[PDB]
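*Asks:* This is the structure, below, for whatever I ask next.
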Amino acid sequence: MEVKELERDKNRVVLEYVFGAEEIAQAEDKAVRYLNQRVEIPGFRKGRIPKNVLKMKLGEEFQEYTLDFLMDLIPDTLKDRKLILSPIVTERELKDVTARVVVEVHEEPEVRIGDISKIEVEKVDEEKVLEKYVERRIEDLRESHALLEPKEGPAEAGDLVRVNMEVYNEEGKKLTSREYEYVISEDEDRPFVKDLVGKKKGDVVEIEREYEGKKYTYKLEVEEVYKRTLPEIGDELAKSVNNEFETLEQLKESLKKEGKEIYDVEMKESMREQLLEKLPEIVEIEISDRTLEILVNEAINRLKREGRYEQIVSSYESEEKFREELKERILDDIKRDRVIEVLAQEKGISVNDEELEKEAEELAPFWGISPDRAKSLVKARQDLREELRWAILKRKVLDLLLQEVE
């Protein structure tokens, strides 16, 4: 029983596991036990069929069983290695006084963080970002705070029409009701608003439009008309907060960096995702080309098992060329991941149950159940607590390398 690393191929070792005569026996009569309870031939009672006789029925078939119950001893050796792919047995052999097994062991590959500074992101102008958002938010704010009193006439340009909408099926059965508030302007027209210019309180319209499949009939009663002269950008707009605000500066000069709380995230996040995506360029790996082919073939044959293959491969250039093209994709994650993988522990980072929670709490809206139910889903399902672990871990690691483009 000697493990001889026959060969290494970067991050892929091949090992010769050899088993002397003593063990060859130990797995042989340990296969006659198992086989016997599978086998059934006249006379010989339940489990009691002598070894040779069994090896009589199987013969060359038997060799295999001896081998498997020697082959199970292999797993008890690569306990320490964290590998990309489950050990693959290239050849398994047995002769007179020897049972040889050749196992290929595809361990997770090594990487090398290059020049983390030599990486271009794209930081947008906080000032011009901020003023642009604010300008428009004053646009927004004076709208929803316009000076409105019910016009007694009709409805021309620039006036709010409160309309009560009812939706009926083609078969005349009301589906639901609603109320809306459309604002009109100069010579402008859009479905179910156009036909509602120069109408009064009480007056009705019945737009019959066809959607998706069936004919739908929309009853539109004008609930009220109101006059729409909005506050001009000043301190009279500071009525948005009833106490507090008294100057427009208090509105602007605030929002100018009130919505800085949004640039603080959307940007950080974008920056993060840029670096994440860009990461492979500075990262050298040593993956074996066999390890490439195998994960590549595994990716393709599963793309095959699903259906979304001939959708994608048969919509590019050829067949062999997508395989080449996918290979350049798989590698770059093998890259991105293992960079975080190391950098995580090698820069003192691990993801705890606590932050795992917060994460699933804001993820809950995205699954449709209670925020408290998500944690239960995390506690139950493993695949899911591991998926989140790695997801935060990434947030963190990328969150340092980026805060380090020096």
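Labeling convention for the structure tokens: chains A, B, ... as they appear, residues from 1 per chain, ligands from 1 in order of appearance.
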Determine, counting only C-alpha atoms, which protein, DNA and RNA residues have an atom within 10 Å of an atom of residue A:8; residues of the same chain fewer than 3 positions away are not included. Present the result as a ChimeraX atom specification.
*Replies:* /A:5,11-15,104-106,288
*Asks:* Please write the residues from the selection above to a file, keeping N, CA and C atoms, as a PDB file, in the first residue's frame.
*Replies:*
```pdb
ATOM      1  N   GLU A   5       3.101   9.497  -6.056  1.00  0.00           N
ATOM      2  CA  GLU A   5       2.773  10.567  -6.984  1.00  0.00           C
ATOM      3  C   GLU A   5       3.572  10.269  -8.241  1.00  0.00           C
ATOM      4  N   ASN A  11      -1.691  21.803 -11.493  1.00  0.00           N
ATOM      5  CA  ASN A  11      -2.683  21.534 -10.456  1.00  0.00           C
ATOM      6  C   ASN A  11      -3.581  20.354 -10.857  1.00  0.00           C
ATOM      7  N   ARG A  12      -2.938  19.178 -10.881  1.00  0.00           N
ATOM      8  CA  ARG A  12      -3.482  17.879 -11.301  1.00  0.00           C
ATOM      9  C   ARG A  12      -2.400  16.809 -11.138  1.00  0.00           C
ATOM     10  N   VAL A  13      -2.433  16.073 -10.032  1.00  0.00           N
ATOM     11  CA  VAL A  13      -1.470  14.995  -9.804  1.00  0.00           C
ATOM     12  C   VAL A  13      -2.067  13.659 -10.193  1.00  0.00           C
ATOM     13  N   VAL A  14      -1.237  12.766 -10.738  1.00  0.00           N
ATOM     14  CA  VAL A  14      -1.619  11.356 -10.975  1.00  0.00           C
ATOM     15  C   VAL A  14      -0.877  10.459  -9.978  1.00  0.00           C
ATOM     16  N   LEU A  15      -1.629   9.628  -9.257  1.00  0.00           N
ATOM     17  CA  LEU A  15      -1.054   8.804  -8.197  1.00  0.00           C
ATOM     18  C   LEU A  15      -1.217   7.299  -8.448  1.00  0.00           C
ATOM     19  N   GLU A 104      -6.215   9.747 -11.007  1.00  0.00           N
ATOM     20  CA  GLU A 104      -5.903  11.105 -11.409  1.00  0.00           C
ATOM     21  C   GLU A 104      -6.641  12.013 -10.451  1.00  0.00           C
ATOM     22  N   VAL A 105      -5.911  12.955  -9.884  1.00  0.00           N
ATOM     23  CA  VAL A 105      -6.421  13.779  -8.801  1.00  0.00           C
ATOM     24  C   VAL A 105      -6.316  15.249  -9.207  1.00  0.00           C
ATOM     25  N   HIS A 106      -7.478  15.851  -9.485  1.00  0.00           N
ATOM     26  CA  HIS A 106      -7.558  17.223  -9.976  1.00  0.00           C
ATOM     27  C   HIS A 106      -7.828  18.238  -8.865  1.00  0.00           C
ATOM     28  N   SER A 288      -4.299  22.689 -15.148  1.00  0.00           N
ATOM     29  CA  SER A 288      -3.975  21.700 -16.174  1.00  0.00           C
ATOM     30  C   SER A 288      -4.973  21.720 -17.335  1.00  0.00           C
TER      31      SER A 288
END
```
*Asks:* Counting only C-alpha atoms, what is within 12 Å of residue A:193, bar same-chain residues fewer than 2 positions away, as a PyMOL selection string?
*Replies:* chain A and resi 155-156+159-163+165+180-185+187-191+195-199+205-207+218+220-222
*Asks:* Any chance you can output those residues with N, CA, C and O atoms as a compact mmCIF listing (two decimals), in the first residue's frame?
*Replies:*
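That gives us out10.txt:
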```
# COMPACT_ATOMS: atom_id res chain seq x y z
N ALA A 155 -60.81 70.72 -20.03
CA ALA A 155 -59.43 70.37 -19.71
C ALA A 155 -58.52 70.51 -20.93
O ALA A 155 -58.56 69.67 -21.84
N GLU A 156 -57.70 71.56 -20.95
CA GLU A 156 -56.77 71.77 -22.08
C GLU A 156 -55.34 71.29 -21.76
O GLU A 156 -55.15 70.17 -21.29
N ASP A 159 -53.13 70.17 -16.98
CA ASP A 159 -54.18 70.07 -15.97
C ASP A 159 -54.32 68.62 -15.56
O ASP A 159 -54.18 67.74 -16.41
N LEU A 160 -54.56 68.37 -14.28
CA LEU A 160 -54.69 66.99 -13.78
C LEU A 160 -56.12 66.51 -13.94
O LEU A 160 -57.05 67.22 -13.56
N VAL A 161 -56.30 65.33 -14.52
CA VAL A 161 -57.63 64.73 -14.63
C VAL A 161 -57.68 63.46 -13.80
O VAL A 161 -57.01 62.48 -14.11
N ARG A 162 -58.48 63.48 -12.74
CA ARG A 162 -58.67 62.31 -11.92
C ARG A 162 -59.74 61.44 -12.57
O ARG A 162 -60.89 61.85 -12.67
N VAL A 163 -59.36 60.26 -13.04
CA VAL A 163 -60.28 59.39 -13.79
C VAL A 163 -60.46 58.08 -13.07
O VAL A 163 -59.50 57.51 -12.57
N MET A 165 -61.22 54.34 -13.44
CA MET A 165 -61.12 53.36 -14.51
C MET A 165 -61.73 52.03 -14.10
O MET A 165 -61.47 51.54 -13.01
N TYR A 180 -57.16 56.94 -11.32
CA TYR A 180 -55.85 57.45 -11.73
C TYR A 180 -55.88 58.96 -11.80
O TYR A 180 -56.92 59.59 -11.64
N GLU A 181 -54.72 59.56 -12.07
CA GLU A 181 -54.65 60.99 -12.24
C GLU A 181 -53.66 61.33 -13.33
O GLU A 181 -52.46 61.33 -13.12
N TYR A 182 -54.18 61.57 -14.53
CA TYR A 182 -53.37 61.94 -15.66
C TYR A 182 -53.29 63.45 -15.79
O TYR A 182 -54.28 64.15 -15.60
N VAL A 183 -52.09 63.93 -16.13
CA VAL A 183 -51.91 65.33 -16.47
C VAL A 183 -51.75 65.51 -17.99
O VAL A 183 -50.99 64.79 -18.64
N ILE A 184 -52.51 66.47 -18.53
CA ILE A 184 -52.50 66.83 -19.95
C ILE A 184 -51.47 67.94 -20.19
O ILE A 184 -51.05 68.61 -19.24
N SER A 185 -51.05 68.13 -21.45
CA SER A 185 -50.16 69.24 -21.84
C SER A 185 -50.49 69.79 -23.23
O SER A 185 -51.61 69.62 -23.71
N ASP A 187 -50.80 69.88 -27.01
CA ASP A 187 -50.94 69.01 -28.20
C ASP A 187 -50.32 67.62 -28.02
O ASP A 187 -49.56 67.15 -28.88
N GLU A 188 -50.64 66.96 -26.91
CA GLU A 188 -50.04 65.65 -26.64
C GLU A 188 -51.07 64.57 -26.27
O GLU A 188 -52.07 64.85 -25.59
N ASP A 189 -50.79 63.35 -26.71
CA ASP A 189 -51.79 62.29 -26.81
C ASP A 189 -51.21 60.88 -26.66
O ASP A 189 -50.23 60.52 -27.32
N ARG A 190 -51.85 60.09 -25.79
CA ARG A 190 -51.44 58.74 -25.41
C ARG A 190 -52.72 57.97 -25.10
O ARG A 190 -53.69 58.58 -24.67
N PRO A 191 -52.74 56.63 -25.31
CA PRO A 191 -53.97 55.85 -25.13
C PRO A 191 -54.72 56.24 -23.87
O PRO A 191 -54.10 56.64 -22.89
N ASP A 195 -58.23 60.69 -25.59
CA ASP A 195 -59.68 60.75 -25.58
C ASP A 195 -60.11 61.01 -24.14
O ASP A 195 -60.52 60.09 -23.43
N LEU A 196 -59.98 62.27 -23.73
CA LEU A 196 -60.20 62.74 -22.36
C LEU A 196 -59.70 64.18 -22.26
O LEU A 196 -59.38 64.67 -21.17
N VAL A 197 -59.60 64.84 -23.41
CA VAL A 197 -59.19 66.23 -23.48
C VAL A 197 -60.41 67.08 -23.77
O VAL A 197 -61.05 66.95 -24.80
N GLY A 198 -60.73 67.96 -22.84
CA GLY A 198 -61.92 68.78 -22.96
C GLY A 198 -63.12 68.01 -22.46
O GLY A 198 -64.16 67.96 -23.12
N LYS A 199 -62.97 67.40 -21.29
CA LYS A 199 -64.05 66.70 -20.65
C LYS A 199 -64.22 67.28 -19.26
O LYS A 199 -63.32 67.96 -18.77
N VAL A 205 -66.14 58.06 -20.87
CA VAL A 205 -65.54 57.62 -22.12
C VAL A 205 -65.34 56.12 -22.02
O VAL A 205 -65.05 55.61 -20.94
N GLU A 206 -65.50 55.40 -23.12
CA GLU A 206 -65.32 53.95 -23.08
C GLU A 206 -64.37 53.49 -24.18
O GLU A 206 -64.78 53.11 -25.27
N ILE A 207 -63.09 53.53 -23.84
CA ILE A 207 -62.01 53.02 -24.68
C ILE A 207 -62.08 51.48 -24.72
O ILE A 207 -62.02 50.81 -23.68
N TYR A 218 -62.58 49.40 -21.37
CA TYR A 218 -62.22 50.28 -20.26
C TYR A 218 -63.19 51.44 -20.11
O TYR A 218 -63.20 52.33 -20.95
N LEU A 220 -64.17 54.86 -18.41
CA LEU A 220 -63.41 55.95 -17.80
C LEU A 220 -64.29 57.13 -17.39
O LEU A 220 -64.64 57.97 -18.22
N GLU A 221 -64.63 57.19 -16.11
CA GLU A 221 -65.38 58.33 -15.58
C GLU A 221 -64.42 59.37 -15.02
O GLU A 221 -63.55 59.05 -14.22
N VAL A 222 -64.59 60.61 -15.45
CA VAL A 222 -63.80 61.72 -14.95
C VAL A 222 -64.25 62.08 -13.53
O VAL A 222 -65.28 62.72 -13.34
```
*Asks:* Any idea what's packed within 12 Å of residue A:289, counting only C-alpha atoms, ignoring anything in its chain fewer than 4 positions away? Could you give it as a PyMOL selection string?
*Replies:* chain A and resi 9-12+106+109+285+293-297+327-328+331
*Asks:* For residue A:171, which of A:366, A:152, A:214, A:85 is the closest residue, counting only C-alpha atoms?
*Replies:*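 The closest residue to residue A:171 is A:214.
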*Asks:* Would you list the contacts of residue A:229 as a VMD selection string, taking every protein, DNA or RNA residue within 12 Å and counting only C-alpha atoms, but skipping same-chain residues closer than 5 positions in sequence?
*Replies:* chain A and resid 142 to 151 157 to 160 183 185
*Asks:* Give me a file of those residues, with C-alpha atoms, as a CSV table (one decimal), in the first residue's frame.
*Replies:*
```csv
chain,number,residue,atom,x,y,z
A,142,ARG,CA,-43.0,70.7,-7.3
A,143,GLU,CA,-45.2,68.4,-9.4
A,144,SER,CA,-46.5,66.3,-6.5
A,145,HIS,CA,-47.0,69.6,-4.6
A,146,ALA,CA,-48.7,71.7,-7.4
A,147,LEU,CA,-51.3,74.4,-6.6
A,148,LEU,CA,-54.6,72.6,-7.5
A,149,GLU,CA,-58.3,73.7,-7.5
A,150,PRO,CA,-61.1,72.1,-9.4
A,151,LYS,CA,-61.4,73.6,-12.9
A,157,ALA,CA,-53.0,71.8,-21.7
A,158,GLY,CA,-51.4,71.2,-18.3
A,159,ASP,CA,-54.2,70.1,-16.0
A,160,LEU,CA,-54.7,67.0,-13.8
A,183,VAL,CA,-51.9,65.3,-16.5
A,185,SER,CA,-50.2,69.2,-21.8
```
